[PDB]
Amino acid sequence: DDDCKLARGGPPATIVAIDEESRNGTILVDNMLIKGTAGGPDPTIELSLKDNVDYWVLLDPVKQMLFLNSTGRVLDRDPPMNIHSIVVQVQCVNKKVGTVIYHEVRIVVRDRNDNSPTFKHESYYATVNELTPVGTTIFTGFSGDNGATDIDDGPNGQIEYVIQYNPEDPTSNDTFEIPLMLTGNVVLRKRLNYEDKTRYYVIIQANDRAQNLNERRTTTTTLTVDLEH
């Protein structure tokens, strides 16, 4: 009869989503809603998983429930593991007819902001001529991937650079600015004077662009600016 066909309406594939790094035992699909019973006195169907690559999914055939199996590992969307989605088949065999139906399950794995920016170097350096006029770009060392980078995806992986106040060099964040935070190029804002001050310690904080401000992650570096003469 109809055992092994979907009991639910809708399309053939059972698509769900889940955050990376979800707890072992997370319920991926509460009920597959396949016609027939795999349990009880007189089961009309058999249910098992196919193409369960690396056994991320576990099936309870009687409940028709699918679970994440991550004991001793994490479901990681980021490099180096790069798990963007999991695809399994719920094979259903009709015991009476012999019919076989594969119920495809697709699990979209969502990125978490679980990584912070890292700067390529531990600190950065520029030399500036005392007569350099205001408005001049004096540091472009965050171009390429020589600045901060972040292994998350989309906005969770994009970078903004913001000069921070430095209590050890109070004037440094007045004397230099970053007008375009997405680039992190530093521009001279006030006239220099080699007779008064020869070094600035500029604190630059890189943040990622997570949707919500309070899940943003940040990292700090120092740009040391020496005047020449």
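Numbers follow the displayed sequence, beginning with 1. We call the rigid core the largest set of C-alpha positions that still match within 1.5 Å between the two forms.
- Using the rigid core as the fitting frame, the root mean square C-alpha deviation in 6 other deposited structures of this protein is greater for 41-49 than for the other of 174-182 and 41-49.
- The segment moving more, judged by mean Cα distance from this form in 6 other deposited structures of this protein after a core overlay, is 32-40 among 32-40 and 53-61.
- Between the stretches 45-53 and 164-172, it is 45-53 that shows the larger average CA temperature factor.
- Averaged over CA atoms, B-factors in the entry run higher in 57-65 than in the other of 57-65 and 197-205.
- Comparing the C-alpha B-factors of 149, 123, 89, 137 in the entry, the top value falls on 137.
- If you compare the C-alpha temperature factors of 114, 153, 145, 104 in the entry, 145 comes out highest.
- When the modelled residues of the chain are ordered by their C-alpha B factor, residue 16 lands in the lowest third.
- Residue-level temperature factors show residue 178 in the middle third of its chain, judged at the C-alpha atom.
- Placement of the Cα temperature factor of residue 109 within the chain: lowest third of the modelled residues, per the deposited record.
- Ranked by C-alpha B-factor against the other modelled residues of its chain, residue 7 falls in the middle third.
- Ranked against the other modelled residues of its chain, the C-alpha B-factor of residue 118 as given in the entry falls in the lowest third.
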